[PDB]
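Below is one structure, written out as C-alpha cells, with a few remarks after it.
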Amino acid sequence: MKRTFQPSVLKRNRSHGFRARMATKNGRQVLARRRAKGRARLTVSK
Amino acid sequence: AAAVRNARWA
RNA sequence: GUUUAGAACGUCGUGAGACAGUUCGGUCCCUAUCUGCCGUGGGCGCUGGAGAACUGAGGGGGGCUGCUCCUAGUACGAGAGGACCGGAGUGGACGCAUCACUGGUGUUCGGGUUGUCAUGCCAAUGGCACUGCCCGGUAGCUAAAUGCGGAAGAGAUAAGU
RNA sequence: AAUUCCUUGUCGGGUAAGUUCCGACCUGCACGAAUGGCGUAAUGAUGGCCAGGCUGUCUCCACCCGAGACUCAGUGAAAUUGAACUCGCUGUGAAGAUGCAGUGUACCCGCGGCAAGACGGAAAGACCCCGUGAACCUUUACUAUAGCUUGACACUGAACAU
RNA sequence: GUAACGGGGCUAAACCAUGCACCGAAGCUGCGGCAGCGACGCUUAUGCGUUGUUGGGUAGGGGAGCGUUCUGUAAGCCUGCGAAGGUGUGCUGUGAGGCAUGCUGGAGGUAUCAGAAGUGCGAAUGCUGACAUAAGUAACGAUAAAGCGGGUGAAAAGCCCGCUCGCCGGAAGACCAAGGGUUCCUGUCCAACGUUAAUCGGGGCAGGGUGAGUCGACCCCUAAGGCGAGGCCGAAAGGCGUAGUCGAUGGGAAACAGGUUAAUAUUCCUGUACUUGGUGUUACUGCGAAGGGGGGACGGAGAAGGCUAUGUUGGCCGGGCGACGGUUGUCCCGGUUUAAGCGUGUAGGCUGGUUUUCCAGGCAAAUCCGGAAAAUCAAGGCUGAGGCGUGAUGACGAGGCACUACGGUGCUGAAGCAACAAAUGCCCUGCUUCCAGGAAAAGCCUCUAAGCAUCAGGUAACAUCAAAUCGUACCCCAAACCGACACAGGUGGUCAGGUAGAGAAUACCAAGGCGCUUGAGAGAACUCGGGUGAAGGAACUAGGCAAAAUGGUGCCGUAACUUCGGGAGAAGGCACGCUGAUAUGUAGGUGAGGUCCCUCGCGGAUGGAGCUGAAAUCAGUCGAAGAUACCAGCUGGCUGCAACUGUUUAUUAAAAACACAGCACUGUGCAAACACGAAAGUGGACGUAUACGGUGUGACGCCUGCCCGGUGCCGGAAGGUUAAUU
RNA sequence: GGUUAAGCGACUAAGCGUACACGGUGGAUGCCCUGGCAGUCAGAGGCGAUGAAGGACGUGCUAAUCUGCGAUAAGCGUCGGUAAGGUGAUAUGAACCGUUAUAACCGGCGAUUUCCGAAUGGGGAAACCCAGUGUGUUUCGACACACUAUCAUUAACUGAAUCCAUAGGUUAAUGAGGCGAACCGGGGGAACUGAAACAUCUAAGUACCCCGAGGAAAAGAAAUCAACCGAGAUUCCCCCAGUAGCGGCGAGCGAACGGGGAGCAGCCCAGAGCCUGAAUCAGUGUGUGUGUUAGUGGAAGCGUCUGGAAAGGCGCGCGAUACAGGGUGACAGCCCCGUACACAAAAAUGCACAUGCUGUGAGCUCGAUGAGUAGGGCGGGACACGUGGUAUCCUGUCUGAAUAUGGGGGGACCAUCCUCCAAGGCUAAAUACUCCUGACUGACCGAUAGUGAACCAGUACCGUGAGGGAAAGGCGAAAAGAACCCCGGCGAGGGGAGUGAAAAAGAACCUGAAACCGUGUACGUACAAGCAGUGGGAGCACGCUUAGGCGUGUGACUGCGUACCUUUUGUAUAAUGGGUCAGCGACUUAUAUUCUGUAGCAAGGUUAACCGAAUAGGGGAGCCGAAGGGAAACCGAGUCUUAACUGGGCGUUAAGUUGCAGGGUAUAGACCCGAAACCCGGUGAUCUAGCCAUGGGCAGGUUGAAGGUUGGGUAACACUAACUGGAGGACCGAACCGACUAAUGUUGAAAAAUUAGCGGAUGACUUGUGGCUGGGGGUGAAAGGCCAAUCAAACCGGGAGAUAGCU
Ligand SMILES: [Mg+2]
Ligand SMILES: [Mg+2]
Ligand SMILES: [Mg+2]
Ligand SMILES: [Mg+2]
Ligand SMILES: [Mg+2]
Ligand SMILES: [Mg+2]
Ligand SMILES: [Mg+2]
Ligand SMILES: [Mg+2]
Ligand SMILES: [Mg+2]
Ligand SMILES: [Mg+2]
Ligand SMILES: [Mg+2]
Ligand SMILES: [Mg+2]
Ligand SMILES: [Mg+2]
Ligand SMILES: [Mg+2]
Ligand SMILES: [Mg+2]
Ligand SMILES: [Mg+2]
Ligand SMILES: [Mg+2]
Ligand SMILES: [Mg+2]
Ligand SMILES: [Mg+2]
Ligand SMILES: [Mg+2]
Ligand SMILES: [Mg+2]
Ligand SMILES: [Mg+2]
Ligand SMILES: [Mg+2]
Ligand SMILES: [Mg+2]
Ligand SMILES: [Mg+2]
Ligand SMILES: [Mg+2]
Ligand SMILES: [Mg+2]
Ligand SMILES: [Mg+2]
Ligand SMILES: [Mg+2]
Ligand SMILES: [Mg+2]
Ligand SMILES: [Mg+2]
Ligand SMILES: [Mg+2]
Ligand SMILES: [Mg+2]
Ligand SMILES: [Mg+2]
Ligand SMILES: [Mg+2]
Ligand SMILES: [Mg+2]
Ligand SMILES: [Mg+2]
Ligand SMILES: [Mg+2]
Ligand SMILES: [Mg+2]
Ligand SMILES: [Mg+2]
Ligand SMILES: [Mg+2]
Ligand SMILES: [Mg+2]
Ligand SMILES: [Mg+2]
Ligand SMILES: [Mg+2]
Ligand SMILES: [Mg+2]
Ligand SMILES: [Mg+2]
Ligand SMILES: [Mg+2]
Ligand SMILES: [Mg+2]
Ligand SMILES: [Mg+2]
Ligand SMILES: [Mg+2]
Ligand SMILES: [Mg+2]
Ligand SMILES: [Mg+2]
Ligand SMILES: [Mg+2]
Ligand SMILES: [Mg+2]
Ligand SMILES: [Mg+2]
Ligand SMILES: [Mg+2]
Ligand SMILES: [Mg+2]
Ligand SMILES: [Mg+2]
Ligand SMILES: [Mg+2]
Ligand SMILES: [Mg+2]
Ligand SMILES: [Mg+2]
Ligand SMILES: [Mg+2]
Ligand SMILES: [Mg+2]
Ligand SMILES: [Mg+2]
Ligand SMILES: [Mg+2]
Ligand SMILES: [Mg+2]
Ligand SMILES: [Mg+2]
Ligand SMILES: [Mg+2]
Ligand SMILES: [Mg+2]
Ligand SMILES: [Mg+2]
Ligand SMILES: [Mg+2]
Ligand SMILES: [Mg+2]
Ligand SMILES: [Mg+2]
Ligand SMILES: [Mg+2]
Ligand SMILES: [Mg+2]
Ligand SMILES: [Mg+2]
Ligand SMILES: [Mg+2]
Ligand SMILES: [Mg+2]
Ligand SMILES: [Mg+2]
Ligand SMILES: [Mg+2]
Ligand SMILES: [Mg+2]
Ligand SMILES: [Mg+2]
Ligand SMILES: [Mg+2]
Ligand SMILES: [Mg+2]
Ligand SMILES: [Mg+2]
Ligand SMILES: [Mg+2]
Ligand SMILES: [Mg+2]
Ligand SMILES: [Mg+2]
Ligand SMILES: [Mg+2]
Ligand SMILES: [Mg+2]
Ligand SMILES: [Mg+2]
Ligand SMILES: [Mg+2]
Ligand SMILES: [Mg+2]
Ligand SMILES: [Mg+2]
Ligand SMILES: [Mg+2]
Ligand SMILES: [Mg+2]
Ligand SMILES: [Mg+2]
Ligand SMILES: [Mg+2]
Ligand SMILES: [Mg+2]
Ligand SMILES: [Mg+2]
Ligand SMILES: [Mg+2]
Ligand SMILES: [Mg+2]
C-alpha cells in the first residue's frame, strides 16, 4: 500500500537543497542553527 | 499508539 | 436490540443541538501459568523379587412414557356412557452397541468424457485443468440402517391406612 | 406514514398461525406545498415484504481431501508476574475467599484437551459526577474588534442659482 | 454440600436454683533491666540504699543520636608485614550501628574535635542497565511439489552436476524509467547476518567490471510555475511585478546488423552508413535584423482501406525407419535468418497551376505574406505506408570433422522459398463526423530594413578538422525501490509465442524463469481451505448470511407499465458431439499462370490454378449426459426513499447523505459586485446582465395556497431623539 | 530352631527444599583521570570582494579514517629559536634524512592557497553547467592569463518625449554586501500565568521578530534640582524605602528629594573682525620605555631493610628567594620535567612617552541666541503615577506664539519669588558582556556523575523537513599480547608450555557485588492442604569438649499465625502500586521578615557601598532601640476624645542591638514527577484534497440516435419503408479503478491485508512527471473530511520547570 515516502531526487533537492534553503533568510537561519550545532551534513544536498 | 476500544457500556 | 461517530423524519429550541420518539447504516481481541474438569502417562509406595486372576471399601451410570388388546361393553349408570385391579401387544423420546441388511462416504478401485501437453508419429496411455468434469464402488468409518436397555423383585420408609 | 404516543389502532389481502409487508380508514399525539407537495418510467453492491428455483441454512450431521493442531530434530518469542508449600463445602470477612473459621477430600509429577474461577490479560474509564479544568461550536450571553456605514476637519480652490 | 451446637458427640455433656474448685490476658503480682518526670536526703553543670510515678500510638509538636561524602585538625596518624573495596566469622550497644578477624584484592586510607551537604530509598503503571517468568511453549512468512544419482566437503533434505516431477508463461518471462548504489563478476571464509544446517548467499574479505559524433543527460526551445534590474507597495522584514532570466512531463542534427567478456555494449570489434559545425580550395554571386511572414502546430469519437510485425501451411535442405502392435510414409524431427542506409515513389492523402499588374495592410521597409484585377494551362505540386532493388559473391545458418580444461577453440557449412492468416503496430500529425471547439517557443523556410555592397557575406563542389562533458555495472511489480524484515502489500513505461476462445478472459503449453530458506513423521479432538451426501427443502436465522443453483451461441418467443427510448437477455422454449453427404476440402475470401491493352509501370482488363474457409441441411454413430472441462446472469411480484451516471467519512457508516441537470429569488453596469491581499495588486475576466456571484430547491409530470404582527431586507423622510465639532 | 499369625518397621528421590562449598552470567562498589563544571587575574572583542565563516573534493611509501595542507597540496621561501635525532595519529613496517648545523621541531615574515559558499561573467538540483571581452601564445587542432554581479557615492561622456533642459544611458573611481557567543540602541511585541473565575490590571515592554553599532554601547555639559540656604553634565554602587504614591485602591506595581561611594571633562555651530597657526586634535614617519608573538640557565643523597620494582622502613647527609606541581616499577626538596630566581628577539606587533612632517585651528573685540517650534484642541504612549484634581515627557491628528524690554520650570491653577534659557551638535572615565587567548583556583563532578559527547559525538540512529539524538573510559611497571606441543574443520574453543610480581592480570583483560543460572555435600521430602514464618521439637549430619554437654546445619512433628505500600469510617481483601537486582531518584537556594536558642556589646548596638595588602583597618551614609497620643496640625509621660471630663481609649516601672544556628512567613519553579491546552517563531501538499501545465492508458463483445441515400406517400411536406450511418456521464465484460458482503487473520504474512464473490470500466474516467494553495490557515461533489501512520485547529522549537484546590 502506497506510503508517505516516494523518493524523487529532483523534488528532494528543489525542496530542501542548499540553494533552496539559502534563497530565503529563514532557510539561511536553519543553516546558521546547524552550523552552530556542528552538524556534519549542513543541508540535504550530496 | 492505539484506538480506545469501544467495548464499553453506556 | 440497546449504546459512538454518518444521515433523515416528527417534535423542542433564535441557533449550535436535543428527544426511553422514529428510520437506514455501522471493527466482539487473548498461543491457558494456577484452580477446576475430561482423558492419558511417569515416579514411588504397598517390607524378597516377579507374573497373573480376584475380593469390593468407595464412586459413577441408569431410573421417562403413550396407544391398542384381554379382563369387559363387565363394575357403575335410567340411559347417554364406561372402569378399578391385573395381563399382553405395539409406538414415541432417550441411551448403548453394531455395520448383516437398507444407505452415506469411500480425492487410495474401475469406467465414460471435455480442453490441452507429452510419450517420434498412428494407435494406446500419462500430465494438467476443483479428484478437470462425471458414472459407479471394496474394506473401513458412519445413520436415516437394526439389535438391546429403562424393569421385575427385595429392605427401610413418606403421606396415608 | 423515515412523521401515530396510546398501538400489535380498525378493516381487507397474504400465512396453518403475519407486532413485518401490501390496500384502505382518519382518531394528522406531533403531514403539507421550492427548509417544496403529490405522482412518476428507468436506474439502485437502496430499505421492507412475497413467490419459484436452489441447496448441509436447518431437521441432523456423516464421510473424504488438504493446511495446522500431536510426535521427533533445529532455531526460538510475546503479553503477564508482591511472594506462594496455589483443594471442596458452609459460614465469616472493605459486605461474591486457593490463603480466615469449621469441616470434608486429596500419594509425587507430566502430556493432550475444555475454558467455570483466579472480581483472568489489554488500556491511570469514554457512561455518571466533580475541578471556580481544556477546547471547539452556537446565539437577541458579556466586553471588544476587523469590516461596513455616518458626519466634522484636513488633502480642498473660484464664480452662479435657489 | 450436611450448612440455624465451630465440629464430634451429648438425655445431661441442656435448662433452672445453690455452692466449692479449677482454667483463663502482654490486666495484676513477683525477680531482673532500661528510660522520662516530679519533691526530697546529702550533694547538687556531676551524682548518689534516692523516692514517688510514668513509658500503646497515626496526623502532628518537642528532644537526642547513627552513618555517608567533602574541609580543617593532617607535610600528622594507618598502610606492599597488605589501605579502600568485596566476602565470611566472632564480639558488642536501647537503636541507627560499632569492633576485630579469615579469605579476595593490590594502593591507598584516615583518629579526634569542629565545619559544609548532590547526607541515608522498596514502592512514584519511577529512570537506566542487567537478569527472570510464560518456555523449550507459539512461530520458522502463502497448500506452486518435490525425487533420485553423482560431486565437493570435517559434515549435504537445503550447495554443484545429471535425470525425472511440479509451477508461471499479458508472467512468477524480457527491456527500461524512477529509485537504490556495487547488491554486478571472480577468488576466499563461515564468527555474526540468512527465522534450521549450510561447503551456499543480495553475508565477511580480496581483486575485477560500467568504453558512445548517432543512446540518454548536458545543450537549443518554451508550458505551468519560479526568480526578478528598474519599478509599485508595505513599521522593519518584506509583498507584487515589468524588462528579463530560469523551469520538461513537451518541441529541436545523425547507426544499423554481426561478433565478442567471468561480469560491458546501437558505447568494444567487424561490415556498411549518416549528421551538424569549423577550416581550406574552386566556381557562381546580394548579403543582412532584438523585424515581418510561413512553418513547426496539435481535439474527441468513428469508419474502413492499404500494409508490416507475426503466425500457419506447403515447398526446400538436413536428420530419422522407431525400447511395445504399426510406421520408406500424403511419415517423424529440425532448419528454411538477413538491418540501417541507398535507389524506386507505390496504395493512398492534400492542393487547381503558371505569369503580369496594382495596393491607406503585415509597428518602418519588403521581391515575402495578405489583398485587388487580367492572362493562359488542363494539369502541376506536396505528403506518404509498404513493396522491390541495393546493402548482401557478405553475414548468419542445421550440421560436420579435428583438437581440448564437461567449457571451448579452429575449419567447413545445405536449404535459406511460396501461399495463407493477421494486428491494439504503420499509412494516419490521414479521412469522416461531432461540440465541450481542442499549447508555446525555437530550430527550420522566406522577406526585406540599418549596415556592407571591390570586401564581407551567401550558394555550390571537393578536401579537411571537430562532435566535448556526464550517465552507461546490477536490481527495477522486487530479497537490491516504498513498507522497521530477504515483509502473502504498493510501484510508471515497453515487449505480447502455440491450441481452444469474441478476447490482453480462461485452460493447457513454447521461449524463458521458478518450486516460494526449517524439515521428518504421525494421520486424535478441535480449527482453517475444500469434496460429497439418504430424506425433507428455509422448518435455520434479526435476515435465504453463506452455500447451492443460474450461466454460452443460434433461433423461437416475451407482460404490466412507459418519459415510447424502454421495461427486455423480460419470462419461456428449441437446436449443439462425431462421421459422411449436399460439396472427395461448399458458399465466401485470396488469387498465380496464361491472354489482351498501355501515351508503357510498383500499370490496366481478363483469367481462373492454387491456397484459406464458414454456415446450413440430410444421413449415420457414441455416451447417463455433446454450451460435456475451465469459463459463464438466479428469476419473478409488491412497496418505501433518491430521478438517473457520479461523490463521500484513507483505517467499523457508500446511504434515503453530498453532488447533480432543472427551477426560483437576490446581488452585480464592469476601476462591476465579490474574493485573496495592512497596500500595491491579483482572481472575477482579457468575460459585460443571453454575464457573473450568492442563496434555496433538486430530472420529468401536475402544482406550489393564507399570514409582513415578530425578525430580516427594501423604500421613504415630515416629525421625535441623537456623536464628533462649535 | 523351624513354620504361621499379629503389631511395628527404617532404608527409595523422578525431582524438589534449606544450608554450605565451587562456578557461570552480569558489570554494581572501590581506586584512577590527557574530560567536564564554576570562577579569579589578564589579553582579545571580530572575520570578509587582498574572497570570510562553514564545507566539498583532493593531497602520504597510504587501503581507510583522523589531524594538517591545497595541484608548490601532513607542505615551499625567508628570518630567528632549537637541535641529535627525525619522516602527524590509528600504526606497525618499508624506504630513507640527519648528528654541531640547510635533519626534524618552534616562532616571525612571505609564497602557494582546487571547488562550493556574500560568491560577484551567466545559470544552477551548493561543491556543477554555459560563456563574453581583451591580451599573449601556434604544432592552425587550439592554448594560457586578465576582465565582465549588484547597490550606494562621485566625476566624465552621451542623451528622449521637447527648443534648451530633464529623465534616461555608457564608462571610471571609491564604498557596501556575508559570518559571528553575549552585552547595547532602536522598530515591532505575546500568551500561559497571578488575581484562587474573569474583562481593568498582572505576567511584560518579558519571550520572540526586525534594524543598527561598538569593544563597550547608550547617556551626557541644565529652558536641571532645590527652597529663599544652596547645589552644579552623564553613567554606576549603597542608602533614602517597600517610604511618598499607583491600583476591579484588589492582585500587585513602586519612586523621587536627600545622603554615602565609584568615576569625573568639558566643548562646537547658529558670525564677522583684530590678531594669527598660537593651543588642541587627527594622520604619519623617529626614537625611547614597556609588553606580545620562539626560547636560556636554574640548587642539593647515599647506605641498608622489606619488596617484582623503593620514591616506603631504618641510618647518616645536603639545597631552599626552589618543601608550586607532574613524572619516574609502592608515598621523591636533593631521579626526571619543572618551580623560585636570573636572562633572551632577526622579524612582526601592542602600549606609553618624546620628537619630526601633514592637516587642525588658539586668543581678543563686537554681534548673534535654534518657529510650524513652545503652547493649545483631539487620540494614544512614556514617566512608580491605570484620567484621576494630574504637573512633566513623546506625538497620530487639528492649530499655533513670545522670542532677552523675552521665555521654561518649581506635580491642577493663580499671584509672588527662586531657578534655568528649549526648539543645533560633540564628548574619555566610572558601567554591561565573553564566541575566543593565557595563567590560576574550587569543603565542584568522578563514567547512570560532570557538557548530549572523558571514546573519530552533534557521530551512529530517527524524521520529507524543521528538528530530535544515543550507547560506549581502566590488561600489566614494561606487550614482555602467550614461541612450541596437544584436541578441533589447515576452525571456534580449550589443555599444556612459556612471559610476568601476579594470567586468581590473556586482550569478552583493575577491583568483579546482587538478582539470576549451575556442579558437589549434609539434612528434609512421594496419605499430604492455605502469606510458607514463629514458639516448641525428635531424629540425622557435623564442629568442640570429656562422657557437663555445648556449637552449627537441616528439620519429622506441633501451638500460634490471611504479604507490603497507598488511600480510607473500614482492606487477607476479589481496592492502587510493584517480575527481580544494581545504580539514580523528591523539602533546596537567594533575599527579606518574625520567633526561639546562643555569643558579643549595651541605653545603646551595628555598619552598607566603597577605601584598603585587603577575612585587618578605614568608611556610622544609614538602620534599630531609648516616648507616646492624635486623621492631622500639634502636644508630650502623657495624649486623644469633648464645651469639659471625676471619665474613657491608647501610653508611661519592664533592654535593646549585631552576629551564628534553628522554627515559620514572603518573593522567586520553591518538595519531586504528570496534564488536556494558550501564545510566539519556523518546518511540511515526495501522503492526501483541489487546481495548473505537459504525457500516457482503457482487451473484447453488444445496442444502433441524429443525419444521409433510395422507395412509398403529399401540391410540397409531413408521414412511411428500406439501406446507409455511428450517437451515448449507453449495455456485457479484462487491464485499470473503486471497496458492497462473507470467511480468515486480530502478540497479523500485512499498524487495514488476503481469499471467494462485488461496482465502475470513453468518462464528473484513470494515470505519469512537474507546479500552486500553509495551520484559525489550506483544501474539501461537505464526512468536521483531508492537510507526511498525527486534525473540532498539523509538525518543530521557544515562552516553559505554563498551570494542576487533583492523583
Ligand atoms: Mg441498529
Ligand atoms: Mg464481521
Ligand atoms: Mg470471540
Ligand atoms: Mg463390513
Ligand atoms: Mg467418491
Ligand atoms: Mg511429439
Ligand atoms: Mg490434478
Ligand atoms: Mg454405492
Ligand atoms: Mg416394589
Ligand atoms: Mg420388606
Ligand atoms: Mg406411614
Ligand atoms: Mg408505533
Ligand atoms: Mg391483518
Ligand atoms: Mg400501508
Ligand atoms: Mg416537513
Ligand atoms: Mg418554502
Ligand atoms: Mg428496493
Ligand atoms: Mg426460491
Ligand atoms: Mg521477557
Ligand atoms: Mg490458587
Ligand atoms: Mg463465601
Ligand atoms: Mg497443560
Ligand atoms: Mg476456550
Ligand atoms: Mg478521564
Ligand atoms: Mg461546581
Ligand atoms: Mg501492664
Ligand atoms: Mg502501656
Ligand atoms: Mg578530598
Ligand atoms: Mg573515598
Ligand atoms: Mg575480614
Ligand atoms: Mg599494580
Ligand atoms: Mg541525593
Ligand atoms: Mg522444539
Ligand atoms: Mg503451555
Ligand atoms: Mg507448532
Ligand atoms: Mg518460507
Ligand atoms: Mg543433494
Ligand atoms: Mg501449468
Ligand atoms: Mg557489499
Ligand atoms: Mg552474485
Ligand atoms: Mg558453524
Ligand atoms: Mg557480498
Ligand atoms: Mg564509440
Ligand atoms: Mg561517456
Ligand atoms: Mg536521440
Ligand atoms: Mg517577483
Ligand atoms: Mg527591485
Ligand atoms: Mg523531457
Ligand atoms: Mg476531429
Ligand atoms: Mg510477413
Ligand atoms: Mg515395433
Ligand atoms: Mg497515388
Ligand atoms: Mg547493462
Ligand atoms: Mg547483465
Ligand atoms: Mg510496518
Ligand atoms: Mg525493508
Ligand atoms: Mg500498479
Ligand atoms: Mg487432516
Ligand atoms: Mg460442495
Ligand atoms: Mg441432502
Ligand atoms: Mg436427494
Ligand atoms: Mg422461519
Ligand atoms: Mg445472500
Ligand atoms: Mg423486468
Ligand atoms: Mg412502510
Ligand atoms: Mg471507513
Ligand atoms: Mg475514495
Ligand atoms: Mg464502507
Ligand atoms: Mg435539495
Ligand atoms: Mg408590515
Ligand atoms: Mg416583514
Ligand atoms: Mg580518591
Ligand atoms: Mg486567574
Ligand atoms: Mg573594534
Ligand atoms: Mg632550561
Ligand atoms: Mg537656543
Ligand atoms: Mg501643537
Ligand atoms: Mg494626549
Ligand atoms: Mg476625582
Ligand atoms: Mg480610580
Ligand atoms: Mg498628567
Ligand atoms: Mg558503560
Ligand atoms: Mg575483571
Ligand atoms: Mg507421607
Ligand atoms: Mg510451627
Ligand atoms: Mg513506602
Ligand atoms: Mg489483592
Ligand atoms: Mg501491576
Ligand atoms: Mg540572637
Ligand atoms: Mg570592616
Ligand atoms: Mg548620623
Ligand atoms: Mg489618659
Ligand atoms: Mg529561618
Ligand atoms: Mg518551600
Ligand atoms: Mg456508462
Ligand atoms: Mg461493465
Ligand atoms: Mg452499469
Ligand atoms: Mg493523517
Ligand atoms: Mg487553538
Ligand atoms: Mg512547540
Ligand atoms: Mg513564563
Ligand atoms: Mg510541569
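Just so you know, all these numbers are worked out from the coordinates, no wet-lab data involved. Cβ sites come from the backbone with ideal geometry, for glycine too, and all protein chains shown count toward neighbours.
Among the residues of the range A:24-41, just one is surrounded by 11 or more Cβ atoms within 10 Å (Cβ to Cβ) and polar (S, T, N, Q), namely A:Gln29. Answer with yes or no whether A:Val44 is of a type in the set (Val, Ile, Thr) and not in a loop (DSSP other than H, G, I, E, B). When the stated conditions are applied, A:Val44 does not pass them. In the set A:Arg21, A:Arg28, A:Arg14, A:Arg41, only one residue is out of contact with any helix residue (DSSP H, G or I) (no Cβ under 8 Å at 6 or more places or on another chain) and either polar (S, T, N, Q) or away from chain B (no Cβ under 14 Å) (or both); that residue is A:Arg41. For A:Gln6, indicate whether it is surrounded by 10 or more Cβ atoms within 10 Å (Cβ to Cβ), more than 16 Å from RNA strand D (Cβ to nearest atom) and away from chain B (no Cβ under 14 Å). Spelling it out, it is not the case that A:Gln6 is surrounded by 10 or more Cβ atoms within 10 Å (Cβ to Cβ), more than 16 Å from RNA strand D (Cβ to nearest atom) and away from chain B (no Cβ under 14 Å).
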